[PDB]
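Below: one protein chain in two forms, given as structure tokens, structure 1 then structure 2.
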Structure 1
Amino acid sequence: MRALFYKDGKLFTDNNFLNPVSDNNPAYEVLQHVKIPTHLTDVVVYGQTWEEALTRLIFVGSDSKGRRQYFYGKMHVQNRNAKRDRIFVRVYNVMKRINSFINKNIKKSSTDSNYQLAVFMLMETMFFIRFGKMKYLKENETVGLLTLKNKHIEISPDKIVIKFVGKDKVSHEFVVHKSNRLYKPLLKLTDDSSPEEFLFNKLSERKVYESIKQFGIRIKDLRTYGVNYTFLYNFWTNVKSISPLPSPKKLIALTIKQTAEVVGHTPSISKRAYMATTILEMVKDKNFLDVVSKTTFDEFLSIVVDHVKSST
């Protein structure tokens, strides 16, 4: 995996194009099978065979903003999507321990780090909001969980409304009702007199990473879980409640659309955003939809989890 430098269809070992490689260089095979997008500059192409490229990083270049954009082989992408299903199972398996950490800690002092960590995790289990790196608030004015400010939180008699503009300039709005364990903690954490101050003012990227580590997962894995949970809950609702049960793919398309609408994915991106490939393997036998119709969601969830575990 040496990075070779690309200029008009030709490869060089150096960024100034003084050292051309042999026309027989294995990397020319890669160029037979990929198209380099023409908006990229300063392109590098890794020196490897096509069979190797298929499984990992293929080429990289700069977009108009100067960001290095990284392009992977289809087997890498396939693998990545498999890992997502496994991550679903991993989070599923650790949620009890997370809720134990949350439920213990939300009884604590408002300016305690572990209290803020408990509220952070609890917001994640509820709304699946992205991590919220500082970088993107600075760069793009993007807000996520870590970058929430008191201005984003509105308290009213029996509810709390969280409103912000997250990735891709999509507005999000979440509601916490009085009966919910999150209500009182959030009520006490938010500081209405400091609207420009961060809500998690005792947190830091370092603190969040060190805390999530105890559960053997990343914060983004919580989102993966919540989004696919919502997916599966929609699929289950649909099989249970739709009057004339729709065709297999009309059913999935409908379920992708309902999820996309609430998560805030575009109708294009939503297509492949969730665990629709899993539902595809499962509908492959005739009994499935019958079984699902006769399940509680918890037992449906366990059937789906069991499928993923035993898939590979």
Structure 2
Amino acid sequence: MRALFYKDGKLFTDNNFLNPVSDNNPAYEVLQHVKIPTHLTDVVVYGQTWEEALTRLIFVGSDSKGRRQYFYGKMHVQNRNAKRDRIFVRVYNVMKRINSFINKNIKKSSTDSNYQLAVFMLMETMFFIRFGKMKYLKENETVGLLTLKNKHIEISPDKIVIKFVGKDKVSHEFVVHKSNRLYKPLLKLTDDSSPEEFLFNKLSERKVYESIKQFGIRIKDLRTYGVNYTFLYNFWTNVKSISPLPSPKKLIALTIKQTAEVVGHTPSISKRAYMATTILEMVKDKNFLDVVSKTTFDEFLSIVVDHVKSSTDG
């Protein structure tokens, strides 16, 4: 994986474009098959044959913020997507332990890291909010879970509203009713009398990483799971409620819309970067809608988990 430097359709071994590579160099095969976007500068193209480019990183260049941007081949992306099946199943098998951890700690002291993590984990499994790295709060004013501040928590005598601007300037509103098990512990954690402070003031990126490590997943996996679970809940409800029934094609489209709105991102992004491919393939089958119809949601969730488990050949 030698680094080669790109400039105006031709390739060099040199930082400042003296000394061009060989004419027959395999990298030129790659350049026939991909277009370097012209908004980039300092473009590096990796010397390899097209067939190997397919499978991994292809080139990287700097956008106008000065950020390094990374471009991958179609096989790399395919493997990426194929992983969502296993993640969905993986999270599903640790939910019982996650809840167990949550409920052990939510009766604890207000400034206990474990109590704070418990709440963190319960907001996450409830609303699928992104991790919220400090970095993006400084750079872009983006708030996610870890970067939530007391000003983002509005208290009413019957509900708590969490309101904040997340990724891509998208505005989010989540609501916690009195009956919700998040009410009591969230009201206890937040301090009205200092709005400029972080909600999870005893946590940090490192604390979260260490804590989640025990379930063998990453916070983003909780979000990937939440999107699939919500899809399944809506799909199940839709089949269960909607006048005779539309085509599976349109039933998936509706379920994806509903799910995307709950989660708060576009339908296209939901289908493409979140949904387990097997679920998407499984639900197309018309005969399968008979199966769904006669089930409680729990036995439905199980059928899907099982099929994804074993169609994944594991």
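In this text, the rigid core denotes the largest set of C-alpha atoms whose superposition between the two forms falls within 1.5 Å. For numbering, take structure 1's sequence and count from 1.
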Exercise for the section: Identify which of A276, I58, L31, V43 has its C-alpha displaced by 2 Å or more between structure 1 and structure 2 once the rigid core is superposed. Expected result: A276
Handout entry: Core-aligned C-alpha movement of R68 between structure 1 and structure 2, 2 Å or more
Key = no
Completion exercise
Once the two forms are overlaid on the core, the CA atom of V263 shifts between structure 1 and structure 2, in angstrom, by 1.6
Fill in the blank from the handout: Expressed in angstrom, the C-alpha movement of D14 between structure 1 and structure 2 on a rigid core superposition is 2.0
Practice task
Taking the rigid core as fixed, quantify in angstrom how much the C-alpha of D285 shifts between structure 1 and structure 2.
Solution key: 4.3
